[PDB]
Ligand SMILES: N[C@@H](Cc1ccc(O)cc1)C(=O)O
Ligand SMILES: N[C@@H](Cc1ccc(O)cc1)C(=O)O
Ligand SMILES: N[C@@H](Cc1ccc(O)cc1)C(=O)O
Ligand SMILES: N[C@@H](Cc1ccc(O)cc1)C(=O)O
Ligand SMILES: N[C@@H](Cc1ccc(O)cc1)C(=O)O
Ligand SMILES: N[C@@H](Cc1ccc(O)cc1)C(=O)O
Ligand code: NA
Ligand code: NA
Ligand code: NA
Ligand code: NA
């Protein structure tokens, strides 16, 4: 199921969540950011305009009017 | 010519445009984001502070006071 | 020392600094963005929510209430 | 294979080889765009591809050589 | 090696080889996650790893083959 | 070649090899910084480079070996 893989994906890859403005910042272990962010893309979050992954960090762009914090809180509750 | 390659680059790589705040979000096919964003860099958009590409997503930072939307609308009109 | 490597890292990799909103934009030579941004991560800037590197560009997310500009000015003074 | 042909025309700056690897050079940032499409084709002789920024390493399946794999890509 | 075993179970879609290279295929974006962990293990026979997006090239140390290195990874 | 020499001093943590590949290890995120500069040099014996995060695969042109290509880079 998708909710279960989202839960396990976040359980295993989300080291921390942070935010500023319209951006939620996801911290992963090394190399984990593209792995996590690709999955987030594919679960189809309406509040998520898009994501970009580097190596251990993902920037999640919140759809207006939702904030980075509120977006990050959503994802944390999926854990 | 540069306008023609910008037009064809956007025609072939820009799956969709979105925006939030000062960020225009470009969606590409798989692997296309660095290809597209590098070219955007090199055409020298004054309104563009910079770009970062992941795999299929580019975040374009709009130069103040222009918005992500207005930046995205500019690029769409180049199509 | 860390301040010295931050100084030399910035001296050799920071082509330019820019900003918009809460994002400081770092420009590097080709391939230099992950090299620079990883180091910035590891020096532990409280004002820095996180960073993402592409190839020659880094987006540094400023911790509220600090701005991208103020964040970029901090880093420039480390040069 | 009509789509791969346009993909190579627009992205393949050069093809080289050594041993069992064919190397593709692209314009900047083009490597994962080209290489992911090659994966999608799914050729039996391609063990795998790695994309950097403007270079793709394509591993040829033994006993095919990287020179042979590069010639097929250069053909298309 | 208990952590690598879970890492491979969750990320290793397939393993292939040619010459002295073992190729790991992962779900999308999984390659640098898997490959950095492999580096961390630090096996003597692994000369190095490169991660793309969903493919990892693992270079086997002579005289070990990529087939042999892939079998050890497939084992775990 | 004076710039490559400083580039290697600051970024080359180690050099290894297997078959026709020289492997460069860098500090974290250093691989595309080093590798793009190597491309820029444009050595005839370098068929191509791929950068991951901290590892660069440099493919040696036959009949040169990756050991030989790594020794030249280690020299500089
Ligand atoms: N955190 C930044 C910088 C970074 C780059 C490479 C690394 O290996 C680690 C960190 C990113 O993920 O893009
Ligand atoms: N869209 C994000 C996450 C992603 C990563 C890897 C992919 O293959 C696909 C998507 C990015 O481009 O960074
Ligand atoms: N500046 C953008 C786009 C880019 C991608 C690849 C390049 O080689 C150059 C530029 C980034 O660093 O992500
Ligand atoms: N050609 C190598 C090195 C490189 C890295 C980054 C670049 O922008 C350019 C070249 C690769 O694509 O991995
Ligand atoms: N399999 C290759 C090509 C690729 C690039 C980007 C992708 O999203 C998917 C595949 C790699 O991982 O480098
Ligand atoms: N050494 C491999 C795997 C790796 C990936 C990401 C890292 O942050 C570290 C290592 C590479 O650079 O591709
Ligand atoms: Na890392
Ligand atoms: Na990136
Ligand atoms: Na993709
Ligand atoms: Na570049």
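Protein chains in written order, with my numbering: chain D, 1 to 79; chain S, 101 to 179; chain Y, 201 to 279; chain U, 301 to 376; chain W, 401 to 476; chain F, 501 to 576.
Each residue gets a CB set at the ideal place from its N, CA and C atoms; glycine is no exception.
Which residues of chain W have a Cβ atom closer than 8 Å to the Cβ of residue i, listed in chain order?
i	result
residue 24(D)	Result: empty, since nearest Cβ-Cβ is about 18 Å, beyond 8 Å.
residue 525(F)	448
Please list the terminal residues of the continuous beta strand (DSSP E) segment that includes residue i.
i	result
residue 355(U)	355–360
residue 126(S)	123–127
residue 513(F)	No beta strand (DSSP E) contains residue 513(F), which DSSP labels as neither H nor E.
By the three-class DSSP mapping on this structure, what secondary structure does residue i have?
i	result
residue 2(D)	helix
residue 542(F)	coil
residue 31(D)	coil
How would you list, in chain order, the residues of chain F whose beta-carbon sits under 8 Å from the beta-carbon of residue i?
i	result
residue 318(U)	520, 547, 559, 560, 561 and 562
residue 201(Y)	Going along chain F, no residue has its Cβ under 8 Å from residue 201(Y), so there is no contact; the nearest lies around 16 Å.
In the DSSP assignment, the alpha helix (DSSP H) including residue i goes from what residue to what residue?
i	result
residue 178(S)	168–178
Since residue i and residue j are thought to touch, with beta carbons under 8 Å apart, how far apart are those beta carbons, to the nearest angstrom?
i	j	result
residue 20(D)	residue 264(Y)	5 Å
residue 261(Y)	residue 243(Y)	At roughly 15 Å, the Cβ-Cβ gap does not stay under 8 Å, so residue 261(Y) and residue 243(Y) are not in contact.
residue 555(F)	residue 449(W)	6 Å
residue 431(W)	residue 451(W)	4 Å
residue 424(W)	residue 476(W)	Going by Cβ atoms, the distance from residue 424(W) to residue 476(W) rounds to 12 Å, so no, they are not a contact pair.
residue 155(S)	residue 131(S)	6 Å
residue 122(S)	residue 168(S)	6 Å
residue 59(D)	residue 259(Y)	7 Å
residue 66(D)	residue 39(D)	Not a contact, Cβ separation roughly 20 Å.
Run through chain Y and tell me which residues come within less than 8 Å of residue i, C-beta to C-beta.
i	result
residue 570(F)	Chain Y residues near residue 570(F): none, gap ~20 Å exceeds 8 Å.
Can you list the residues of chain F that residue i reaches, using a CB-CB cut of under 9 Å?
i	result
residue 268(Y)	What residue 268(Y) touches in chain F: nothing, since even the nearest Cβ is about 21 Å away.
> Looking at chain Y, which residues of the region 35–65 of chain D have a Cβ within less than 9 Å of any of its Cβ atoms?
Replying inline: Of all residues in the region 35–65 of chain D, 52, 53, 54, 55, 56, 57, 58 and 59 have a Cβ within less than 9 Å of some Cβ in chain Y.
> Can you list, in chain order, the residues of the region 501–513 of chain F whose Cβ is nearer than 9 Å to any Cβ on chain W?
Replying inline: Taking 9 Å as the upper bound on Cβ-Cβ separation, chain W lies near no residue of the region 501–513 of chain F.
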